[PDB]
Engineer: 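Before I ask anything, let me first share the structure, which is written out below as structure tokens.
A note on names: the letters A, B, ... follow the listed sequences, proteins ahead of strands, and every chain is numbered from 1. All values below come from the heavy atoms of this structure, side chains included, with hydrogens, waters and symmetry mates left out.
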Amino acid sequence: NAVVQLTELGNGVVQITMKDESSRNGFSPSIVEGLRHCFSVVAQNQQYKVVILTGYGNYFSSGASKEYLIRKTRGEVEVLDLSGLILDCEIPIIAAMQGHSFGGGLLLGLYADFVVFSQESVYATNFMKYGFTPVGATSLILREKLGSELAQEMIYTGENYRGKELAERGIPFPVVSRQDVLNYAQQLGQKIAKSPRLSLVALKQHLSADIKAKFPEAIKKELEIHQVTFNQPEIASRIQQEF
Amino acid sequence: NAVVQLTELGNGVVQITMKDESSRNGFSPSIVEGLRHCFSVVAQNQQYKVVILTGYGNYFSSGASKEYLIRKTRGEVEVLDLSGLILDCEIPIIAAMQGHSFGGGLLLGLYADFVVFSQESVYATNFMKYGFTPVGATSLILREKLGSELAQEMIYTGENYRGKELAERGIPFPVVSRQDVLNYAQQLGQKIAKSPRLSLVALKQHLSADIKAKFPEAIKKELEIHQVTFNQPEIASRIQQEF
Amino acid sequence: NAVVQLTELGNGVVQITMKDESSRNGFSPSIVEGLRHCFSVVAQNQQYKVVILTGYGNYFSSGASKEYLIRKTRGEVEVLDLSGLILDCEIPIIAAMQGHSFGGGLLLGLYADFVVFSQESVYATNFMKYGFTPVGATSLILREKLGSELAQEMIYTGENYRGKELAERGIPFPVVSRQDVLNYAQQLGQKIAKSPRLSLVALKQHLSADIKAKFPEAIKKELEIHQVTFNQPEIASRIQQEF
């Protein structure tokens with residue numbers, strides 16, 4: 001079966017589940033194509049009103065693979081950007097992050113309208129751990145959703161934070177036990193799905209307008225800086241040591 | 001006596017109390033005219049430095065009446081907007097929300113410079129409960145004052161939140177026992193009233209400038225979307241069932 | 001010895017310590033010249049990656065002296081502005097506020113990229129206590145870093161808040177025991193210093209861009225209002241009574 005599956009939960013709530021065990025829900029060709037396909041099925045089905053995006057087991061999304069980053073050091077690829085994919089969805093998305101989220105994987109979840117974290121799992125914007133600056137409008141999104149101070153610490157350090165540590169820090173999102181994350185997202189989705197679809201779509205467009213306006217320039221600015229900081233002598237070795 | 005009364009608390013602190021029991025401090029002609037009158041008396045009395053706006057009993061403001069909304073479905077009225085009224089006041093306002101606040105009633109309080117919530121009372125931006133989008137620059141104000149995440153949940157769900165639940169959620173305002181709300185507002189007003197009036201007025205103008213700049217466009221945008229989402233087939237029936 | 005001293009902590013982390021006991025780390029000529037000198041030494045040493053700015057004993061910075069304010073009432077001076085000095089530093093700064101911070105002294109710390117507060121010490125933007133409006137882009141910075149609601153209360157009241165009270169209020173920064181403040185800042189500095197300097201500088205420039213864009217107009221606007229509110233009949237007497 002496909003590594004990304006769409007299921008119906010009732011009342012217009014649907015669940016898109018990522019299960020690429022081989023990459024631990026990394027940004028693999030299978031995951032990218034599966035997400036694109038599942039979101040296209042959603043766009044086509046006018047009865048759907050809320051999407052819950054979730055992972056499998058211990059992983060929500062581990063983002064770009066270390067093998068991919070190494071390939072990048074030899075200038076062999078370009079930078080993947082899934083923002084368009086998620087941001088194009090016209091109905092509300094809840095990211096039920098029941099497992100770990102790293103790098104673009106944390107951003108993937110934070111692109112959503114609502115986010116649920118697991119107490120026991122680990123979250124990081126770890127670009128700076130490898131020694132280079134973020135991509136994907138990380139600072140725009142993280143500052144908007146997490147608050148400027150938490151965003152800044154996470155981005156500068158690149159460190160791994162448990163959900164429980166983030167909660168203690170005053171993150172504005174629910175942080176619950178791993179076994180409760182998806183259930184929490186589902187209950188919230190059902191509350192939201194009580195509204196007419198037309199109203200949900202209109203409201204989401206209204207609420208997203210300010211960030212969407214700022215997004216293309218943010219992505220561009222971060223890419224330009226990333227190209228400079230990634231292409232420095234010591235980066236290849238730093239990436240080697242994170243294996 | 002008038003349903004809206006102004007009393008002096010000393011040192012330039014005044015209290016405007018809404019007590020329209022018949023409408024439960026809804027946006028009745030009596031409440032609108034009483035607020036306009038009390039704020040005009042305030043504008044004229046240069047010795048006043050801080051206004052505390054409060055309700056009576058279990059209600060701060062229940063906003064627009066369900067009978068009014070039904071009338072609206074038959075296109076019989078226009079949309080009331082009290083923002084100009086509150087935002088024109090040149091001295092600081094503290095909304096002592098000792099009781100429930102719904103819809104425009106919660107916005108009325110959130111237009112103020114400082115807000116105090118009751119632990120036991122219920123608060124909602126419930127437009128989406130009836131199935132249509134907000135008016136009154138709800139998303140501008142709620143996102144600015146409550147933070148984007150709480151604002152988003154409240155707006156999308158339209159649900160009733162107890163003050164205690166909001167406090168647990170990390171709302172940036174004081175949430176205290178119902179019997180302590182007005183006393184808390186009064187003590188804060190007295191602290192603020194220690195400054196010269198000229199300084200209070202100058203500071204308030206400075207601090208309010210950014211939001212006031214964004215307000216006319218926000219009100220307009222929300223009205224346009226509200227007109228579309230309100231005038232859909234199923235709305236009349238949804239309103240009927242909220243009685 | 002000089003009242004402002006730079007020491008190396010290892011791995012590119014340096015500490016700038018203010019110790020003007022005579023003024024309690026006020027904005028004295030010695031402190032201003034010492035800060036300028038220590039930041040110039042930092043700018044010149046490309047091996048440095050993080051600055052920790054701290055005070056001595058019970059004081060981080062007491063800001064402008066009351067004797068200076070009195071001199072100002074007779075129109076005898078101009079307004080000191082250390083923002084340029086701190087904001088010009090191209091590497092990340094952590095303000096380890098182990099002691100009290102007042103007025104410009106609190107702003108001095110809040111200009112930094114990261115801030116650590118002491119539980120037992122007192123913090124105030126106390127301009128309004130003397131009866132006039134702030135300078136130094138206080139409302140821009142405080143609203144951005146502390147959140148709009150806490151910022152507003154602090155600015156309007158001008159009152160002294162213990163670190164513990166701020167923590168209870170949900171300030172987005174660490175608040176720890178006085179004896180732990182500098183150690184906490186040092187550990188954070190060491191985490192940040194793991195990144196290449198080029199990346200730290202590029203990231204800081206990116207993250208600071210939005211506020212830096214708004215800063216010159218904010219400083220100007222606040223100065224203009226301050227000139228009006230400071231030069232009112234009763235201010236001299238209010239300043240006299242704060243001695």
Side-chain angles (χ1 to χ4, degrees), chain A residues 12 43 46 48-51 87-93 112-114 144 191-215, chain B residues 27 63-64 66 68-84 87 102-108 110-111 124-159 211-239 242:
Chain A
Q46 300 284 283
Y48 297 165
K49 292 184 175 181
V50 184
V51 173
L87 296 173
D88 276 0
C89 183
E90 71 178 4
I91 54 171
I93 303 164
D113 307 285
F114 299 87
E144 174 71 2
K191 287 176 179 173
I192 295 165
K194 290 186 171 188
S195 295
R197 194 180 183 277
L198 193 82
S199 294
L200 291 175
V201 170
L203 178 61
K204 172 165 171 157
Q205 182 171 254
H206 176 66
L207 291 172
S208 298
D210 288 343
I211 299 294
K212 186 190 172 170
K214 288 187 279 180
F215 214 86
Chain B
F27 293 166
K66 276 164 275 186
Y68 160 85
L69 296 178
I70 293 289
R71 282 154 62 210
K72 226 181 97 71
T73 64
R74 312 187 283 254
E76 307 174 337
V77 284
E78 286 212 38
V79 175
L80 190 56
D81 170 36
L82 284 62
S83 71
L87 296 173
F102 307 112
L106 173 61
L107 260 292
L108 170 69
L110 290 175
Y111 289 151
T125 57
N126 53 7
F127 313 102
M128 289 288 277
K129 176 155 264 170
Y130 305 106
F132 52 76
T133 57
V135 293
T138 299
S139 72
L140 176 69
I141 294 298
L142 251 75
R143 294 205 280 189
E144 174 71 2
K145 308 264 173 134
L146 308 181
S148 51
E149 265 46 73
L150 222 202
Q152 210 147 297
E153 193 184 296
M154 297 190 70
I155 298 164
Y156 268 99
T157 74
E159 282 217 329
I211 299 294
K212 186 190 172 170
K214 288 187 279 180
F215 214 86
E217 189 55 39
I219 288 271
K220 183 188 180 172
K221 279 164 170 178
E222 283 199 352
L223 196 53
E224 273 164 17
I225 301 164
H226 172 84
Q227 285 305 119
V228 171
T229 63
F230 184 87
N231 295 292
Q232 295 304 322
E234 66 265 48
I235 301 302
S237 172
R238 275 174 171 259
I239 297 167
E242 294 299 314

Engineer: Around atom CD of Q227(B), are there more than 12 heavy atoms of other residues, nucleotides or ligands at under 6.0 Å?
Structural biologist: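 For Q227(B), atom CD is crowded (more than 12 foreign heavy atoms under 6.0 Å).
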Engineer: Strictly distance-based, threshold 3.5 Å: is any side-chain N or O of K145(B) a donor or acceptor partner for the main-chain N or O of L110(B)?
Structural biologist: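 Side chain of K145(B) to backbone of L110(B): a pair is present.
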Engineer: Measure the shortest side-chain to side-chain distance between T138(B) and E222(B) over non-hydrogen atoms and say whether it is less than 4.5 angstrom.
Structural biologist: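 They are in side-chain contact.
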Engineer: Taking all heavy atoms of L207(A) and all of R143(B), pick out the closest pair and write down the distance.
Structural biologist: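 Result for this residue pair: O-NH1, 2.8 Å.
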Engineer: Backbone N or O of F132(B) within a donor-acceptor pair of the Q232(B) side chain at under 3.5 Å?
Structural biologist: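 No.
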Engineer: Aromatic rings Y111(B) and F215(B): how do their planes relate, parallel, tilted or perpendicular, breaks at 30° and 60°?
Structural biologist: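 Because their plane-to-plane angle is over 60°, the rings of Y111(B) and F215(B) count as perpendicular.
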Engineer: Heavy atoms only: give me the nearest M128(B)-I155(B) pair and the separation to one decimal.
Structural biologist: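 Heavy atoms only, the tightest pair is CG-O, 3.1 Å.
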Engineer: Heavy atoms, side chains only, cut-off 4.5 Å: are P92(A) and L203(A) in contact?
Structural biologist: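 Side-chain contact under 4.5 Å: no.
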Engineer: Any donor-acceptor pair under 3.5 Å linking the side chain of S237(B) with the backbone of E234(B)?
Structural biologist: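 It does not hold such a pair.
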Engineer: Which atoms form the tightest heavy-atom contact between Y68(B) and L80(B), and what is the distance?
Structural biologist: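 Heavy-atom minimum between the residues: OH-N, 3.9 Å.
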Engineer: Decide yes or no for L107(B) and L142(B): does some side-chain heavy atom of the first lie under 4.5 Å from some side-chain heavy atom of the second?
Structural biologist: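 Result yes, sub-4.5 Å side-chain heavy-atom pair found.
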Engineer: Shortest non-hydrogen contact from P196(A) to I235(B)?
Structural biologist: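 Where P196(A) meets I235(B) most closely, the heavy atoms are CG-CD1, 4.5 Å.
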Engineer: Can you find a pair of side-chain heavy atoms, one from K204(A) and one from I93(A), that are under 4.5 Å apart?
Structural biologist: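 Result yes, sub-4.5 Å side-chain heavy-atom pair found.
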Engineer: Just by distance, with hydrogens left out, do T229(B) and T133(B) show a side-chain donor and acceptor under 3.5 Å apart?
Structural biologist: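 Note: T229(B) and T133(B) side chains meet the donor-acceptor criterion.
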Engineer: Going from CD on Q205(A) to CD1 on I225(B), what distance comes out if it is rounded to the nearest 0.5 angstrom?
Structural biologist: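 If I round to the nearest 0.5 Å, the distance is 7.0 Å.
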Engineer: For atom CD of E76(B), decide whether the heavy atoms of other residues, nucleotides or ligands shown that lie under 6.0 angstrom number more than 12.
Structural biologist: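 Atom CD in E76(B) is crowded, with more than 12 foreign heavy atoms closer than 6.0 Å.
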Engineer: Does any part of the side chain of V50(A), heavy atoms only, come nearer than 4.5 Å to the side chain of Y156(B), both counted from C-beta?
Structural biologist: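 No, side chains not in contact.
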Engineer: Is any NZ, NE, NH1 or NH2 atom of the basic residue among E242(B) and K129(B) found under 4.0 Å from an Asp or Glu carboxylate oxygen of the other?
Structural biologist: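 Result for this pair is no, no salt bridge flagged.
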Engineer: For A218(B) and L140(B), work out which heavy atoms get closest and say how close.
Structural biologist: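 Closest pair (atom of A218(B), atom of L140(B), distance): CB-CD2, 3.8 Å.
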Engineer: For the pair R197(A) (side chain) and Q46(A) (backbone), establish whether a donor and an acceptor sit closer than 3.5 Å, ignoring hydrogens and angles.
Structural biologist: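 Here the side-chain-to-backbone pair exists.
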Engineer: Donor-acceptor check, side chain of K49(A) to backbone of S195(A), threshold 3.5 angstrom: yes or no?
Structural biologist: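 Indeed, once roles are kept as given, a pair shorter than 3.5 Å links the two residues.
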Engineer: Looking at every non-hydrogen atom in both residues, tell me the closest pair between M154(B) and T125(B) and how far apart they are.
Structural biologist: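 Of all heavy-atom pairs spanning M154(B) and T125(B), the closest is O-OG1, 3.1 Å.
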Engineer: Backbone N or O of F114(A) within a donor-acceptor pair of the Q152(B) side chain at under 3.5 Å?
Structural biologist: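 No; zero donor-acceptor contacts below 3.5 Å.
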